[PDB]
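Chemist: One structure, as structure tokens, below. Some questions next.
There are 4 protein chains.
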Amino acid sequence: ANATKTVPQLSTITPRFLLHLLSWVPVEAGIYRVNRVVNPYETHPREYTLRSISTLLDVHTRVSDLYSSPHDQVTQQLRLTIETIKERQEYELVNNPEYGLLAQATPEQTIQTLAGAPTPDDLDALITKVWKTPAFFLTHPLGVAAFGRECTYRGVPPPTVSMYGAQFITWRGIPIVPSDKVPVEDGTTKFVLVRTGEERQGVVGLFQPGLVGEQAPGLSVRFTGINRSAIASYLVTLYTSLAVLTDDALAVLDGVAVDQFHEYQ
Amino acid sequence: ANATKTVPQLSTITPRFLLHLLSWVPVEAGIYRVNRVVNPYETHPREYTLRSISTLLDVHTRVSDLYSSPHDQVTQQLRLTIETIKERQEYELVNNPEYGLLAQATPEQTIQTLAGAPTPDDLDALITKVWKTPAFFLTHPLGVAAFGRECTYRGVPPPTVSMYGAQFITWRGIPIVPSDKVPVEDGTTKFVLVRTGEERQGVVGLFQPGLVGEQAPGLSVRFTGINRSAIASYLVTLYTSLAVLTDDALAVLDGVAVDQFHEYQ
Amino acid sequence: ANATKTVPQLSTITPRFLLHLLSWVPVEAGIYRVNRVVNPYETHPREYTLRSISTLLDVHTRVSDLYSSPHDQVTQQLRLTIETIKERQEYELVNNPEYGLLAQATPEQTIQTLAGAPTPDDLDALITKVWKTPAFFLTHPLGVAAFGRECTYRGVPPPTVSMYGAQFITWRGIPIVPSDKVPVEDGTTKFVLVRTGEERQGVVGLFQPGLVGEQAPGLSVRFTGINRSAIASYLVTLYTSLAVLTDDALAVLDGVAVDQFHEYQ
Amino acid sequence: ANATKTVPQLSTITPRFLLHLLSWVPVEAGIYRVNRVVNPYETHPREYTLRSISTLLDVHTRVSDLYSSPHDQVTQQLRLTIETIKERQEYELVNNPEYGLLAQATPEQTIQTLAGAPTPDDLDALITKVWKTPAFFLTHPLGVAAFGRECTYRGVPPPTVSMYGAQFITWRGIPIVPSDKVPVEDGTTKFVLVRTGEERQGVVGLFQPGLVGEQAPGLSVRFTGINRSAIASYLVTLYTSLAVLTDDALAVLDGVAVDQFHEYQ
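Chains as they are written, first to last, in full-length UniProt numbering: chain A, 20 to 59, 83 to 307; chain B, 20 to 59, 83 to 307; chain C, 20 to 59, 83 to 307; chain D, 20 to 59, 83 to 307.
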């Protein structure tokens with residue numbers, strides 16, 4: 020007879036902690052200006091214009107024998123499209139060549155590991171670079187494991203904190219947050235220390251309010267007509283950028299090896 | 020069309036934890052007398091007269107294409123001037139040759155590191171000198187990193203405390219507070235242990251109330267007329283001093299090396 | 020350019036407090052049996091079979107220049123259809139000739155007003171009939187006004203309670219809940235005193251779980267194919283009944299006049 | 020010597036409880052459409091376009107011997123101008139011929155006093171007209187006194203509630219809020235019963251976001267250049283409208299006499 024079903028399951032849905040850890044500022048015309056005092083009063087402006095993350099969704103008048111209605115098919119496919127768009131937004135916030143965290147860090151704010159593996163000394167140096175209220179560490183889960191191994195070899199157990207239904211390792215009270223959008227190439231990842239906030243001259247994400255078909259901040263769903271085959275189309279858009287108000291709000295630890303192990307017994 | 024703007028960003032704005040950790044006593048005529056019992083009853087007085095931290099701000103009838111009004115230009119420039127005056131006040135509280143913390147410490151209250159780097163033994167000795175209710179440690183962020191390294195080598199992880207939106211390392215329950223106004227010369231910094239309070243014979247900051255154009259405790263903004271070029275001027279003033287009620291309320295650890303590392307692997 | 024719009028507004032949407040005041044029991048096959056001890083042990087069963095509240099919704103491939111998408115048209119029309127179905131459910135719970143509250147009350151549990159208008163004495167008599175934990179009074183808003191008038195003439199102000207975002211007059215601590223589904227004919231309404239609950243032998247509503255296209259308890263939305271004109275149809279169904287476990291859980295005050303006024307001045 | 024001064028005092032500043040009791044909806048292009056189901083599904087739209095409350099403020103290069111700076115003169119005069127603009131907004135929300143509360147009430151929702159003075163029976167009738175979650179009563183303070191007198195003659199003391207630093211008489215749990223913008227002509231005022239909220243089909247105020255020189259919701263301050271006499275000008279603007287989503291969200295009691303007294307002794 021009847022079978023109890025589920026909504027479709029997507030394996031690429033991640034918790035996306037970075038989208039909750041950041042502070043989000045609305046930009047009412049897509050342009051953000053940061054005025055920074057040049058001799059630290084004259085100011086030099088830096089401009090941030092929001093960029094589009096977009097996807098076109100074509101819903102068919104086809105069978106799809108898991109939905110039982112055209113209404114449920116459109117609902118589920120819109121939900122999956124929105125989840126994918128938000129995963130892409132997180133990836134872009136870390137990895138964009140223009141406004142990504144890894145790109146907006148300066149050479150004076152970037153340091154290297156002393157001996158490859160991420161040790162407590164390297165995280166201490168990172169804290170020295172962002173000593174004014176660091177908010178979180180950002181790295182790949184492999185990097186979290188490597189740091190935990192190095193801490194265990196030194197006989198130091200770091201505590202954990204509870205946040206967003208997750209458990210986070212903290213170093214000097216600062217959470218270490220895992221993100222799979224942080225690249226791992228040749229066995230090396232990065233550690234990123236970030237201070238967030240506009241009223242403390244930190245790092246803020248940017249979104250555009252008041253769009254057509256708005257569902258989430260900056261997220262727009264709009265119906266782009268009907269073709270000859272009765273295949274309705276929807277355009278889902280997310281205008282995104284990231285702003286660093288002061289340069290000392292962001293530091294990057296480079297050359298973090300994630301495949302080093304200690305001997306015992 | 021329109022662009023969303025920011026108030027100007029100053030990179031030299033620090034959290035200024037010392038201005039919140041200290042206790043502030045009002046001085047109604049700029050003179051503070053501390054009567055201390057000579058044989059520990084005859085008393086010998088020590089006098090503290092408030093000194094001026096001042097700056098003259100000239101606002102122009104110029105373009106400044108980031109403000110959109112002469113009213114917004116004056117507001118932002120007054121805000122930045124006040125932030126700079128408070129940073130200077132913190133620097134003077136640490137570094138003044140007359141009433142600074144580093145200057146008012148006695149030779150009997152000043153000790154040296156056993157082997158250069160700041161170890162738990164040195165902080166323990168500092169605590170022995172201020173054993174009656176120490177309030178906080180004060181040092182440069184580099185010194186915080188060096189202490190953390192020495193603690194990690196010894197296998198001892200110090201806990202952290204939450205205060206003023208920050209995370210502080212504590213040794214024996216006493217926060218270690220970072221301050222960039224603590225000097226670092228030749229790779230050596232200082233550690234300062236302080237007990238604050240007037241009702242416990244500690245260290246108190248001094249300010250003058252009831253001034254012309256008062257905005258913050260001891261802070262005065264006054265309009266010094268108009269010149270021929272319609273360039274209005276404002277004088278911003280802060281009368282400040284620091285008092286140590288008892289000598290054992292303040293100790294300094296000297297010769298703290300901040301560039302020593304241990305070998306591993 | 021753009022205009023900020025609203026979802027459609029329906030004037031017949033009522034708060035439906037009765038659907039929240041009642042206790043709801045699931046019936047897994049549409050049949051409910053109440054076994055009641057005949058001599059108060084032999085038992086005589088009373089059977090309750092759930093009845094269907096249904097409506098067929100035809101969504102068109104028409105213009106409807108307030109929706110901007112066929113998806114938004116279907117969403118809003120389904121929402122309005124569900125609100126109408128729940129209003130009909132409340133009406134049926136009060137007014138059904140088989141399982142309505144007014145029909146299931148016995149002649150021994152039904153009393154009349156002493157002199158037409160609803161006075162505190164009549165509500166006291168109603169409480170005597172349901173003295174074992176009465177839960178709420180149910181009447182038309184006109185009846186609430188008439189009771190308030192009679193209370194004011196007697197010099198007795200009844201207190202109010204806060205519940206479901208509303209303010210309710212209480213008599214002897216029992217809320218008086220307004221419902222427009224309570225009939226008013228010839229200027230006369232009814233007052234209903236009800237004890238709800240299955241574990242206290244009260245009044246429970248009945249619904250069927252595990253249906254096709256379930257959204258709310260007992261509420262099913264199903265897609266009934268496509269016709270030649272591409273007019274999709276949805277069937278929305280609600281199987282409902284009401285059970286009184288013991289006869290003394292329900293009393294009705296009859297002949298309540300709502301248009302009587304006192305003279306003053 | 021010095022004298023302690025005050026910011027200027029304006030006697031027309033009222034608490035403006037109505038601006039806090041209402042729910043405010045942003046309109047991103049100045050047009051609001053309310054779609055209401057005609058047969059209670084076809085819909086008939088009602089359009090609300092925001093109207094401007096504006097004032098031009100000319101600040102002089104004059105003496106004004108109470109300010110001590112041109113900066114303090116502009117600050118205080120802008121503050122007073124904004125207070126006056128908000129008082130005008132409250133007046134317009136009550137009294138506008140197009141979107142005022144008194145104008146948007148329908149003849150079927152408007153009732154008259156039984157014998158002139160506002161008695162508990164009249165307020166009960168008003169509650170019958172807005173029985174679905176009334177939020178507050180709105181009237182002149184003279185009307186509040188008249189209602190209190192009529193309640194005292196009947197031997198009924200109404201309780202009070204604490205809200206926005208004020209004490210409000212409640213009838214049937216609904217606050218009676220005083221407003222001097224409610225007219226009193228020929229000794230007669232009005233009582234207004236209002237349900238507020240967009241998600242309960244009530245009454246919402248409308249404002250425009252994202253304006254030039256925004257300080258408060260919908261409030262814009264902009265600098266309109268400099269004339270020959272160096273008299274700078276500012277334009278302060280407030281775009282405002284009021285929307286009633288359902289007709290039964292608003293009722294008005296007419297012909298309320300406020301000068302009737304009872305004899306005693």
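Note that CB positions come from ideal geometry on N, CA and C, so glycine has one too.
Based on the DSSP output, what are the partners of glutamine 209/B in its beta bridges?
Modeler: Numbered from its first residue, the second sequence carries residue 209/B at position 167. DSSP output for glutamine 209/B lists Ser204/B as bridge partner(s).
Chemist: Does the beta carbon of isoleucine 50/A sit closer than 8 Å to a beta carbon anywhere in chain B?
Modeler: Counted from its first residue, the first sequence places residue 50/A at position 31. Closer than 8 Å to some Cβ of chain B, the Cβ of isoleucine 50/A qualifies, so yes.
Chemist: Taking a cut of 7 Å between CB atoms, which residues from the segment 244-264 of chain A lie near chain D?
Modeler: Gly252
Chemist: Give me, in chain order, the residues of the same chain whose beta-carbon lies closer than 8 Å to that of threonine 202/C; leave out the 5 immediate sequence neighbours on both sides.
Modeler: The count along the third sequence starts at 1 and reaches residue 202/C at position 160. Result list for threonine 202/C: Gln209, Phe210, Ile211, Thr212, in chain order.
Chemist: Please determine, among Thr266/D, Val53/D, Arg214/D, the residue with the shortest C-alpha to C-alpha distance to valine 101/D.
Modeler: In the fourth sequence, residue 101/D corresponds to position 59, counting from 1. When each option's Cα is compared against that of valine 101/D, the closest is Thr266/D.
Chemist: Starting from the beta carbon of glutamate 125/D, find every residue of chain A whose beta carbon is closer than 7 Å, and list them in chain order.
Modeler: Against the fourth sequence, residue 125/D aligns to sequence position 83. Residues of chain A passing the Cβ test: none, with the nearest at roughly 26 Å.
Chemist: Using the beta-carbon count (16 or more within 10 Å), is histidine 304/C buried or exposed?
Modeler: Here residue 304/C corresponds to residue number 262 of the third sequence, with the count starting at 1. Burial call: exposed.
Chemist: Would you mind giving the Cβ-Cβ distance between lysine 128/C and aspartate 290/C, rounded to the nearest angstrom? I have them listed as a contact below 8 Å.
Modeler: To locate residue 128/C, count along the third sequence from 1; it is residue 86. To locate residue 290/C, count along the third sequence from 1; it is residue 248. Their Cβ separation, rounded to whole angstroms, is 29 Å, which puts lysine 128/C and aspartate 290/C out of contact at 8 Å.
Chemist: Evaluate contact between the segment 159-171 of chain A and the segment 187-195 of chain A, counting only Cβ atoms and requiring at least three cross-stretch pairs below 8 Å.
Modeler: yes
Chemist: If distances are taken between C-alpha atoms only, which option among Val234/B, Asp301/B, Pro199/B comes closest to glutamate 227/B?
Modeler: As a working mapping, residue 227/B is identified with position 185 in the second sequence. Of the candidates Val234/B, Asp301/B, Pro199/B, the one whose C-alpha sits nearest the C-alpha of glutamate 227/B is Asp301/B.
Chemist: Where does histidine 113/D sit, in a helix, a strand or coil, going by DSSP?
Modeler: Mapped onto the fourth sequence, residue 113/D falls at position 71. In this structure, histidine 113/D counts as helix in the three-state DSSP scheme.
Chemist: Taking just the CA atoms, how far does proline 259/B sit from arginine 55/B?
Modeler: Position 36 of the second sequence, counted from the first residue, corresponds to residue 55/B. Position 217 of the second sequence, counted from the first residue, corresponds to residue 259/B. Rounded to the nearest angstrom, the two C-alpha atoms are 27 Å apart.
Chemist: Thinking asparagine 137/A and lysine 223/A are a contact (beta carbons under 8 Å), I'd like their distance in whole angstroms, please.
Modeler: On the first sequence, position 95 is the one that residue 137/A refers to. On the first sequence, position 181 is the one that residue 223/A refers to. Your pair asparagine 137/A and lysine 223/A checks out as a contact, with CB atoms roughly 6 Å apart and the cut at 8 Å.
Chemist: Any C-beta of chain B within less than 8 Å: which residues of the segment 172-189 of chain D qualify?
Modeler: Taking 8 Å as the Cβ-Cβ cut-off against chain B, none of the residues of the segment 172-189 of chain D qualify.
Chemist: So, is the C-beta of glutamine 151/B closer than 8 Å to a C-beta in chain A?
Modeler: Indexing the second sequence from 1 puts residue 151/B at position 109. No, no contact with chain A.
Chemist: Grab the span of the beta strand (DSSP E) containing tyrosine 276/C for me, first residue to last.
Modeler: Here residue 276/C refers to the residue found at position 234 of the third sequence. Element bounds for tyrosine 276/C: 274-286.
Chemist: With a threshold of 16 other CB atoms inside 10 Å of the CB of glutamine 119/B, please say whether the residue is buried or exposed.
Modeler: Within the second sequence, the letter at position 77 stands for residue 119/B. Per the 10 Å Cβ criterion, buried.
Chemist: I need the boundaries of the alpha helix (DSSP H) containing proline 183/A, first residue and last residue.
Modeler: Counting from 1 along the first sequence, the entry for residue 183/A is found at position 141. Looking at the DSSP string, the run of the alpha helix (DSSP H) that includes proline 183/A is 183-195.
Chemist: Assuming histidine 86/A is part of the beta strand (DSSP E), what are its boundary residues?
Modeler: Position 44 of the first sequence, counting from 1, holds the residue named residue 86/A. For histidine 86/A, the uninterrupted beta strand (DSSP E) run begins and ends at 85-91, by DSSP.
Chemist: Is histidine 113/D close to chain B, meaning its C-beta is less than 8 Å from at least one C-beta of that chain?
Modeler: Along the fourth sequence, read from residue 1 onward, the residue named residue 113/D stands at position 71. Answer yes: the Cβ-Cβ gap between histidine 113/D and chain B drops below 8 Å somewhere.
Chemist: Please identify the residue among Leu135/C, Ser110/C, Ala159/C, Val172/C whose C-alpha is closest to the C-alpha of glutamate 150/C.
Modeler: For the purposes of this step, residue 150/C is identified with residue 108 of the third sequence, where counting begins at 1. Comparing Cα positions, the closest option is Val172/C.
Chemist: Looking at the structure shown, is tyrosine 306/B part of a helix, part of a strand, or coil, going by DSSP?
Modeler: As a first step, residue 306/B must be located in the second sequence, where it is residue number 264. Note: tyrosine 306/B maps to coil in three-state DSSP.
Chemist: For a test of the three-state rule: what should DSSP assign to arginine 270/A, helix, strand or coil?
Modeler: As a first step, residue 270/A is located in the first sequence; it is residue number 228 there, counting from the start. Three-state DSSP puts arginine 270/A in coil, outside helix and strand.
Chemist: Looking at C-alpha atoms only, which residue of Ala157/D, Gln250/D, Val236/D is the closest neighbour of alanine 147/D?
Modeler: Locating residue 147/D in the fourth sequence gives position 105, where the first residue counts as 1. Taking only the C-alpha atoms, the option nearest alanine 147/D is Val236/D.
Chemist: Measure from the alpha carbon of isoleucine 169/A to the alpha carbon of each residue in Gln154/B, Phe179/B, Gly185/B, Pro176/B, then state which is nearest.
Modeler: Within the first sequence, numbered from 1, the residue matching residue 169/A stands at position 127. It is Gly185/B whose Cα lies nearest to the Cα of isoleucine 169/A.
Chemist: Determine the extent of the beta strand (DSSP E) in which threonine 231/A is found, giving its start and end residues.
Modeler: The residue labelled residue 231/A in the question sits at position 189 within the first sequence. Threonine 231/A -> beta strand (DSSP E) spans 230-236.
Chemist: Going by DSSP in three states, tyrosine 141/C sits in which element: helix, strand or coil?
Modeler: Translated into the one-based positions of the third sequence, residue 141/C becomes position 99. Residue state, collapsed to three classes: coil.
Chemist: Using a C-beta cutoff of 8 Å, does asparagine 21/C count as contacting chain A?
Modeler: Your numbering for residue 21/C matches position 2 in the third sequence. By this cut-off, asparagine 21/C is an interface position.
Chemist: Name the chain C residues whose beta carbon is nearer than 7 Å to that of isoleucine 169/D?
Modeler: Taking the fourth sequence and counting its residues from 1, the one referred to as residue 169/D is at position 127. Going along chain C in sequence order, the residues near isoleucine 169/D (Cβ under 7 Å) are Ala187.
Chemist: Contact between the segment 274-283 of chain C and the segment 89-99 of chain D: three or more CB pairs below 8 Å?
Modeler: no
Chemist: Can you tell me where the beta strand (DSSP E) with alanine 159/D in it begins and where it stops?
Modeler: As a first step, residue 159/D must be located in the fourth sequence, where it is residue number 117. Going by DSSP, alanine 159/D is part of no beta strand (DSSP E) at all; its letter is neither H nor E.
Chemist: Should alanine 159/C and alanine 48/C be called a contact, given that it needs their Cβ atoms to be closer than 8 Å?
Modeler: In the third sequence, residue 159/C corresponds to position 117, counting from 1. In the third sequence, residue 48/C corresponds to position 29, counting from 1. Here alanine 159/C is not near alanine 48/C, since their CB atoms are 8 Å or more apart.
Chemist: Quick check: is the beta carbon of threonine 230/A nearer than 8 Å to any beta carbon in chain B?
Modeler: Locating residue 230/A in the first sequence gives position 188, where the first residue counts as 1. With 8 Å as the cut-off, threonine 230/A does not count as an interface residue toward chain B.
Chemist: Going straight from the alpha carbon of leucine 292/C to that of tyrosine 51/D, what length do you get?
Modeler: For the purposes of this step, residue 292/C is taken as residue 250 along the third sequence, with counting starting at 1. For the purposes of this step, residue 51/D is taken as residue 32 along the fourth sequence, with counting starting at 1. Taking the straight line from one Cα to the other gives about 48 Å.
Chemist: Could you name the residues of chain B that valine 116/D contacts, counting a contact when the two beta carbons are closer than 8 Å?
Modeler: Reading the fourth sequence from its first residue, position 74 is the one you call residue 116/D. Going along chain B in sequence order, the residues near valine 116/D (Cβ under 8 Å) are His113.
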